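Naming: A, B, ... by sequence-line order, numbering from 1 per chain. Keep in mind that the numbers below use all heavy atoms, side chains included, and drop hydrogens, waters and symmetry copies.
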Amino acid sequence: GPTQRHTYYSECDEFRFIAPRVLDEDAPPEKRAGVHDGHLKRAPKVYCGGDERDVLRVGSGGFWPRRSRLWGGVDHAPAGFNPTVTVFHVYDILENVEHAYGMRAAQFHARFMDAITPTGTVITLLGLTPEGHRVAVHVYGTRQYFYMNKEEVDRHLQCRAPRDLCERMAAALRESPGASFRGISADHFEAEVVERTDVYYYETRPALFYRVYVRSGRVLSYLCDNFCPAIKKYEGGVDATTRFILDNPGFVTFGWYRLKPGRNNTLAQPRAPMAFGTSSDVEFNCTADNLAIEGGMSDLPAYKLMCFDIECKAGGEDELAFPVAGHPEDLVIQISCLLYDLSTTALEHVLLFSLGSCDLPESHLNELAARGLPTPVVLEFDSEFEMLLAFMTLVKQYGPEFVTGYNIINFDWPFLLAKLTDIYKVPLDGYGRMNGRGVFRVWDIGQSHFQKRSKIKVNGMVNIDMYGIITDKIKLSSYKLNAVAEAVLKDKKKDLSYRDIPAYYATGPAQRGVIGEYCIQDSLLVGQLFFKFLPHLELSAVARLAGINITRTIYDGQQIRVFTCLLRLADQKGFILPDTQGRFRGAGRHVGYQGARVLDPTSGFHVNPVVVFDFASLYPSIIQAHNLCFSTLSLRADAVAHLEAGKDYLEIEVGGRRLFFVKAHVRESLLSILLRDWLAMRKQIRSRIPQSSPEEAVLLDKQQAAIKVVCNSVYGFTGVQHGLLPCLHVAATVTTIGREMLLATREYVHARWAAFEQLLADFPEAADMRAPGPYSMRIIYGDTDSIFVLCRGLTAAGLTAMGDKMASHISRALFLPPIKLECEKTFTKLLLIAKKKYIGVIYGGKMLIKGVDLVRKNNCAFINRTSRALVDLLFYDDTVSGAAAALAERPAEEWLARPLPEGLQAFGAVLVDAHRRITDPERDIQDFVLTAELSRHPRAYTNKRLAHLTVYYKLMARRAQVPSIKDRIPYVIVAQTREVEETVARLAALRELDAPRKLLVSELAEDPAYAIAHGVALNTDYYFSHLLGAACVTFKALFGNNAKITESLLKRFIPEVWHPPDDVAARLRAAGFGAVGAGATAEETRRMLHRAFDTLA
Amino acid sequence: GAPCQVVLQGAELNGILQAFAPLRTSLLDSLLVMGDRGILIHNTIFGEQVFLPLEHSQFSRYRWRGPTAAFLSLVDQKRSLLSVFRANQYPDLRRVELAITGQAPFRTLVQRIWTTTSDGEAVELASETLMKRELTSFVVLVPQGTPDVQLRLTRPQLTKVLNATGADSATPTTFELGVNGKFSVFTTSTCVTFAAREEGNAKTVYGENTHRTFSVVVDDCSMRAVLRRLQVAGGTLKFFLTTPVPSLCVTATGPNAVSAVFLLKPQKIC
DNA sequence: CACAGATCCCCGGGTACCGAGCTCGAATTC
DNA sequence: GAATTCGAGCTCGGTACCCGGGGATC
Ligand SMILES: [Mg+2]
Ligand SMILES: [Mg+2]
């Protein structure tokens, strides 16, 4: 049998039968609600059509496709299957420990057994040969290592030979508080004395260090956590994978490879099928000398994507309660599973796993056939375990290299794995690419204020949740799959709310077919989003560049990318990066250092041309221009005394600290080399774009974009307090120079071009550009890396061109060569609202809106639509732009006392129109859905009186779908009626015992679905007052940035009504008085007024 | 001038300076209903209704052309069109003009103030000009008709009469003019009477149509609160008995001309 | 057990004066 | 005492600070 056990179910004969009682066709009406729940002594069955099969049967015939060779220790390949492997793509790298006693029978060669003799790390390259055969290459000689200062460990441990350090570490692993490392010798380490340099503090000298060469990362983690805690271990945070990539030049985590003949003619040697560790067709073991990077090929070899989506049903009394995975009666009823080919992007299989009979509608099947898509294969099961086992058997037999779905990390995979572990107790360790002991985990953010995102790690299986992708690429208030489909694909899909799933499920096979239709449609849309954005290609581009596997690229943050690239460079140069977070490993708005400064805007409506000079890649150009790094810095003036004041080093006061950075001809910055090499590489790629095929142009666009985002995080990597290699000196220097650069640019523009003769002297074409008025070139704004120059007395027509010559002139005058000021935009109109808020109309171009809550996800569509209508009036209606410009002739307080200028009539009209669209009883409630992100776990909030937390706890109280951390919670502000008032009152009574008035907007928050199902009215006061508030926030720039004048003047547009209240109105009508309003007819009102004053006299 | 204009210089501006002085801050937040007859200043103090007429007669120049136009006194919810006539808020003021321009539904008022500069013409407080657009829909309900009887008091008489009634629902307060003309007010504790004398001692009241008896009673208690919150210096009581909810209007005769209208319980008579 | 940075406006919720009214309550008094 | 003063005492918004939090801008 297999050398290493296969821990996935290859056989089952007893299982836990859970199945809704409504499925049993003949049953009486009493025995229909509920769930059968008990143990059944038969193999799991799957029904496809009239046929039936055991789920775990891998004979010929099958209801789903298979790409597996082995199945539970039986080799199911054709006889003589022995394909020759030269070239293979690698999409993932695993690192596992292997033991030579575990692999006695595996019949490896001596090389590999030597590499694992007690133990060893094996780097498994998972991939595909260009014929499509799955493949695992096991690389054997890699070791992990770290450095310790030789003198430091000598004086701390009395180490008279490297053998003594090895013994002492072996000893300390014997004597651990647990028995975790028993039987560990001094021949499990290999110390060697090397001369290296710590990466900081340029005066630092090359010292002697021990490099240690441990054999397992568990042992490394223990030693770096507990062995001589005083001594500074240098790189014991580095994987064996990263040592495998960096120590072999040219190796990549994502790309094509070759099997070489290796040194001394040692060739890779294929495993026997029983020795396979993975669910792969062929399987080699080699050493790194047997691998060659195989450039020349760049395209993917037909990996498979599985886009899947589960559908769950709530048992219990309330089946309108959202399903909970812990409840055995709340069960997965369906799983759509779309199998695409990733190279050709072709949907190959459409599988619908169903619990109970399911007859997909003919309109749906006809649509699928019309689009050329595969016919669905509905698989039917009697119990939930049969279905989930069949799905997991598909995932193991097919073994898609990529998996995707919408929100599969927050809902789908957690629900499935909760069912498979809590309820059915299936071990998921072998359901990944490894036959056993593989990670199949999901991490939610949960109580971790550190985590930004929930993660999933299945070994050999790249999970790209498209929910995260679309949350990164598109700015929406709502990220529901229907909203995303409306916004990204222009496909108006039909939603099926979960509340309808019990009723549909209980009718019979047709309505379960309807549920299957929505499940398949959801998967098809997600596949469409996936092949629109192609997340795999840009994540793989970043993975190739960073030197990490694609799963770390997706999940383990920004810092490890920069860290790995820095580690490669630093190792080449003879540096070593110290572990200082390793000592941190057991770790109102705090800020480590000073950031950019925003120039005080000359706020207002500028109807002259406004050139925008911005720095191209400001911070990374500062790092290159000034040679900033860890290894060029020097906090001490003693360090640079042998160097010249300029021409060898910059010195600058950064935090009142007087830092020194030596120039690139004294020592070239490592961060500089990284950024420079990448920016040269990216310029090469972007030049190759226009003269290459569209298909390769798509990859090259991804590849250069990868380089862009990798050279944006270098600055911030240094400023991560308690990060992997922080240097707040370098980060604060970058920002200090940025602030000085921005101010210097301003002072140059003001001194050089104060008068038109100087501008004409520098640029003759300015003569063709002189507008009528008086010249001035003044700076009205700058954020971190741009200045806005209000060029009065020039025409906008030829102004970006001369602004480009200007920017080049300034860059030549002031800054060093990698730094580049440039002019890209020219606003013909600009509204500068506040320091990060502005609206402008580019010359011959779009409208640019920046941070003014048109561009924020929180507001409702009603207010955002009205606000954009008003903005379009200001910028595009010449009448309104004329009146808005004339509004700046006077101080704002004189518009309280004077009629506004004439052209603003239209500006009022929009508002009054909105004022009547908001009180309409037939108001579309979706236009009033505010939204807000649940950024923390709601117990991590200091201020638990937010609207979205009120809605969160309402949703939990109702057993609705509780949002996940980082989701947007939509809510509406309900109308403050008697009933809502008491509901808040007694929820306060109930909530404070667990462990006349205006209510807060947090207490009037409601879920929109609840507000629809019940007939709750909206708070027109809130929504109109916030309509006017958003208008006053944006248009206070017109009235001298005075929000109290702006509010007054905006409220004056609104027609104001006054009647006495309804009750007294009726009682006076009983007292004979009558309507003199518009409500019945104007003519009758006039007549009543005439007699009412004639009545008076 | 404006299509509709209302001017006040002195010997008509001093008249309004007498009218508005005690009223204090209440009536700052009001309804001005302007027409050809004058400005009617309507407010509700504690629910009960209050009107201050200022007739076209009572200005230095009244010109009204157009339908009747109602402006909420408060400009921008902070400042009032009627704080210009607060007792001493603009000392030394000389002139106030109300300029109402525009088309029949949408008119705007502009109130311009002026001060007598020491030996000078005007200081015209462009920093205190007020601009209000009209309501454009309003239904204001106004007392009608002649009274079923009315009774002129001096100040001490009325201070007594008010001081008798109770401002709490527990006591209801009753007003009754019975036979031979002894007009009385009382409750379970207090009582007060006066002797009524016709028109065409200190315990007597002069009135018209006293022969029309009555006996009415009052709930929904705000009346003493209000006629002191208005600072009424004696005045006429006038009773409208004919209505399915009969009404009492206390009209001051004083330096002001304010009037507060209250409602009573349905009373049988005739 | 995981982790770019800082800056910045704006809103919701909270507190704390504080002038303006705003009547009462009782020395000084036409 | 009866008005009558501003005097002293209540309350009732008003405006403003301060803080967290959302979510922009680089
Ligand atoms: Mg999904
Ligand atoms: Mg779903």
Side-chain angles (χ1 to χ4, degrees), chain A residues 443 445-453 455 475 555-563 581 584-598 601 614-615 617-619 709-710 712-724 726 728 730-732 734-735 738-739 742 782-786 833-838 849-859 930-936 940-949 968 1000-1003 1005 1022 1025-1026 1029-1030 1032-1034 1036 1043-1044, chain B residues 24-26 28 77-78 86 155-156 159-160 225 228-229 231 233:
Chain A
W443 297 258
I445 291 162
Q447 298 294 321
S448 189
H449 57 293
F450 296 91
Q451 280 216 359
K452 321 170 186 282
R453 54 169 315 165
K455 311 209 230 198
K475 186 195 261 171
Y555 291 107
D556 299 356
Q558 244 130 9
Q559 222 167 173
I560 187 63
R561 305 170 177 180
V562 181
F563 179 87
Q581 201 189 15
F584 180 72
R585 167 176 185 161
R589 258 168 172 176
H590 169 77
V591 144
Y593 57 93
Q594 191 175 349
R597 214 217 307 91
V598 180
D614 69 328
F615 283 106
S617 278
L618 174 64
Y619 286 177
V709 303
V710 160
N712 280 336
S713 57
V714 167
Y715 148 68
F717 167 91
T718 46
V720 181
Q721 263 191 327
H722 312 308
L724 315 156
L728 273 50
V730 180
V734 166
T735 320
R739 286 188 315 267
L742 212 75
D783 208 340
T784 307
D785 58 78
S786 60
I833 298 133
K835 266 180 186 209
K836 307 232 183 202
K837 305 210 179 216
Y838 55 92
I849 300 154
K850 290 257 154 119
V852 305
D853 196 276
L854 288 171
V855 300
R856 295 172 58 92
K857 297 175 286 205
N858 63 269
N859 235 327
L930 315 158
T931 172
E933 191 189 79
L934 172 75
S935 62
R936 324 154 187 204
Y941 278 84
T942 296
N943 286 351
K944 307 176 201 299
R945 303 269 253 151
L946 313 178
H948 62 287
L949 293 184
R968 320 274 309 151
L1000 302 183
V1001 325
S1002 68
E1003 292 157 19
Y1022 174 94
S1025 94
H1026 271 58
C1032 156
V1033 152
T1034 288
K1036 51 154 161 49
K1044 309 205 73 33
Chain B
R24 197 189 282 114
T25 280
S26 184
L28 276 201
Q77 281 119 49
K78 294 292 288 301
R86 273 182 91 177
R155 187 185 305 154
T159 59
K160 189 171 252 280
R228 273 139 24 70
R229 162 63 72 91
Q231 201 172 357

>> What is the distance, to the nearest angstrom, from the CZ atom on A:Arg589 to the P atom on D:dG23?
In response: 11 Å

>> Over all strands shown, is A:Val734 touching base, sugar-phosphate only, or nothing at heavy-atom distances under 4.0 angstrom?
In response: nothing

> Once you round it to whole Å, what is the distance between P of D:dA24 and CG of A:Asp853?
Replying inline: 9 Å

> So what does A:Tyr1022 touch, heavy atoms closer than 4.0 Å: a base, only the sugar-phosphate, or nothing?
Replying inline: sugar-phosphate

> Nearest to the side chain of A:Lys452, which nucleotide is it out of C:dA4, D:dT4, C:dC10?
Replying inline: C:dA4

> Taking only residues two or more places apart in sequence, or in another chain, which ones meet A:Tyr593 in a ring-ring contact (aromatic ring centres under 6.0 Å, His included)?
Replying inline: none

> In chain order, what residues pass the salt bridge (charged side-chain N to carboxylate O under 4.0 Å, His left out) check against A:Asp614, with sequence neighbours excluded?
Replying inline: none

> How is A:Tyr619 classified with respect to the nucleic acid when contacts are heavy atoms under 4.0 Å: base, sugar-phosphate, or nothing?
Replying inline: nothing

> Closest to the A:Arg585 side chain: C:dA4, C:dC1, C:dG13?
Replying inline: C:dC1

> B:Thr159 or A:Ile849: which one's nearest nucleotide on DNA chain D is closer to the 5' end?
Replying inline: B:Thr159

> Is the phosphate of C:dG14, meaning OP1 or OP2, less than 4.0 Å from a side-chain N or O of A:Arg945?
Replying inline: yes

>> Closest approach to the side chain of A:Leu946, judged atom by atom: which nucleotide of D:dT25, C:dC3, D:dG21 is it?
In response: D:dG21

>> Looking at C:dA2, I'd like to know if its phosphate oxygens (OP1 or OP2) sit under 4.0 Å from a side-chain N or O belonging to A:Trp443.
In response: yes

> Excluding sequence neighbours, so at least two apart, what forms side-chain hydrogen bond (donor to acceptor under 3.5 Å, both in side chains) with B:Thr159?
Replying inline: none

> Does a side-chain N or O from A:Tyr941 land closer than 4.0 Å to OP1 or OP2 of D:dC19, or not?
Replying inline: no

> With both distances under 3.5 angstrom, what nucleotide forms a Watson-Crick or G-U wobble pair with C:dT28?
Replying inline: none

> Contact class for A:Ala587 vs. all strands (heavy atom < 4.0 Å): base, sugar-phosphate, or nothing?
Replying inline: base

>> If you compare every side-chain N and O of A:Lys475 against the phosphate oxygens of D:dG23 (OP1, OP2), does one of them come in below 4.0 Å?
In response: no

> Looking for any heavy atom pair under 4.0 Å, which part of the strands does A:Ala932 touch: base, sugar-phosphate only, or nothing?
Replying inline: sugar-phosphate

> Reading nucleotides 20-30 of chain C from the 5' end, what letters show protein touch, with B for base, S for backbone sugar-phosphate only, - for no heavy atom under 4.0 Å?
Replying inline: -SSSS------

> Who passes salt bridge (charged side-chain N to carboxylate O under 4.0 Å, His left out) against A:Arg585, sequence neighbours left out?
Replying inline: A:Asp225

> Angle, rounded to 10°, between the helical axes spanning five pairs at each terminus of the helix from C:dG5-D:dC26 to C:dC24-D:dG7?
Replying inline: 30°

> Does a side-chain N or O from A:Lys455 land closer than 4.0 Å to OP1 or OP2 of C:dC3, or not?
Replying inline: yes

>> Side chain of A:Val591, heavy atoms from C-beta onward: which of C:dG13, C:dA6, D:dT25 has the nearest atom to it?
In response: C:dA6

> Base, sugar-phosphate, or nothing: which does A:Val855 touch, judged by heavy atoms less than 4.0 Å apart?
Replying inline: sugar-phosphate

>> The criterion is ring-ring contact (aromatic ring centres under 6.0 Å, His included); which residues satisfy it with A:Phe717, sequence neighbours excluded?
In response: none

> Between C:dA6, C:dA2, C:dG13, which nucleotide gets closest to the side-chain atoms of A:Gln451?
Replying inline: C:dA2

> Can you tell which of C:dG13, C:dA2, D:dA24 lies closest to the side chain of A:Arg856?
Replying inline: D:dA24

> Under 4.5 Å between any side-chain heavy atoms of A:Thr718 and A:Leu728, yes or no?
Replying inline: no

> A:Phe450 side chain: which of C:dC10, C:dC8, C:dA2 is closest?
Replying inline: C:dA2

> Base, sugar-phosphate, or nothing: which does A:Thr942 touch, judged by heavy atoms less than 4.0 Å apart?
Replying inline: sugar-phosphate

> Looking at A:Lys857 and A:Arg968, what are the two nearest heavy atoms and their distance?
Replying inline: O-NH2, 3.3 Å

>> Taking any heavy-atom pair under 4.0 Å as a contact, classify A:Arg561: base, sugar-phosphate, or nothing.
In response: nothing

> CD of A:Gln558 versus P of C:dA4: gap in Å, rounded?
Replying inline: 6 Å

>> Measure NZ/A:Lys944 against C1'/C:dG12 and give the value in whole Å, please.
In response: 16 Å

> To the nearest angstrom, how far is A:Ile833 atom CD1 from C:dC11 atom P?
Replying inline: 12 Å

>> Taking the minimum atom-to-atom distance to the side chain of A:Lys836, which one of D:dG22, C:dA6, D:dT25 wins?
In response: D:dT25

>> Between D:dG1 and C:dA26, how many Å separate the two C1' atoms, rounded to a whole number?
In response: 13 Å

> Based on the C1'-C2'-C3'-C4' torsion angle, does the furanose ring of C:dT7 adopt a north or a south pucker?
Replying inline: south

> Taking only side-chain nitrogens and oxygens of A:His1026, does any of them come within less than 4.0 Å of OP1 or OP2 of C:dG12?
Replying inline: yes

>> Is there a side-chain contact between A:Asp556 and A:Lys455 in this structure, where contact means two heavy atoms from C-beta onward sitting under 4.5 Å apart?
In response: yes

> What does A:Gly716 touch in the nucleic acid at a heavy-atom separation under 4.0 angstrom: a base, only the sugar-phosphate, or nothing?
Replying inline: base

> With sugar-phosphate meaning primed atoms plus P, OP1 and OP2, does A:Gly586 contact a base, only sugar-phosphate, or nothing at under 4.0 Å between heavy atoms?
Replying inline: nothing

> Which way does the sugar of C:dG5 pucker, north or south, judged by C1'-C2'-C3'-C4'?
Replying inline: north

> Which listed nucleotide (D:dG21, C:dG12, D:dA24) is nearest to the side chain of A:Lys857?
Replying inline: D:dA24

> What integer distance in Å separates A:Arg936:CZ from D:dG23:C1'?
Replying inline: 13 Å

> Base, sugar-phosphate, or nothing: which does A:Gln594 touch, judged by heavy atoms less than 4.0 Å apart?
Replying inline: sugar-phosphate

> Which nucleotide in the set C:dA2, C:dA4, C:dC8 lies at the smallest distance from any side-chain heavy atom of A:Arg597?
Replying inline: C:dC8

> If you look at every strand shown and take non-hydrogen atoms under 4.0 Å, does A:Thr718 touch a base, only sugar-phosphate, or nothing?
Replying inline: nothing

Which atom pairs link the protein and nucleotides 11-15 of chain D when you take only N or O atoms and keep those under 3.5 Å?
residue : atom : partner : partner atom : Å
D:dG14  : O3'  : B:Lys78 : NZ           : 3.2
D:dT15  : OP1  : B:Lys78 : NZ           : 2.4

> Considering residues at least two apart in sequence or located in another chain, which fulfil the side-chain hydrogen bond (donor to acceptor under 3.5 Å, both in side chains) criterion with B:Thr25?
Replying inline: B:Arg86

>> Applying a 4.0 Å non-hydrogen cut-off, can you work out what A:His948 is touching in the nucleic acid: base, sugar-phosphate, or nothing?
In response: sugar-phosphate

> Would one find a side-chain N or O of A:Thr735 under 4.0 angstrom from OP1 or OP2 of C:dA6?
Replying inline: no

>> If the condition is salt bridge (charged side-chain N to carboxylate O under 4.0 Å, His left out), which residues does A:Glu1003 pass it with, not counting sequence neighbours?
In response: A:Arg945

>> Run the salt bridge (charged side-chain N to carboxylate O under 4.0 Å, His left out) test against A:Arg856 and tell me which residues pass, sequence neighbours left out.
In response: A:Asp853

> Got a sec, which residues hit side-chain hydrogen bond (donor to acceptor under 3.5 Å, both in side chains) with A:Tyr555, two or more places apart in sequence or on another chain?
Replying inline: none

> What nucleic acid atoms does A:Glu933 come within less than 4.0 Å of, heavy atoms only: base, sugar-phosphate, or nothing?
Replying inline: sugar-phosphate

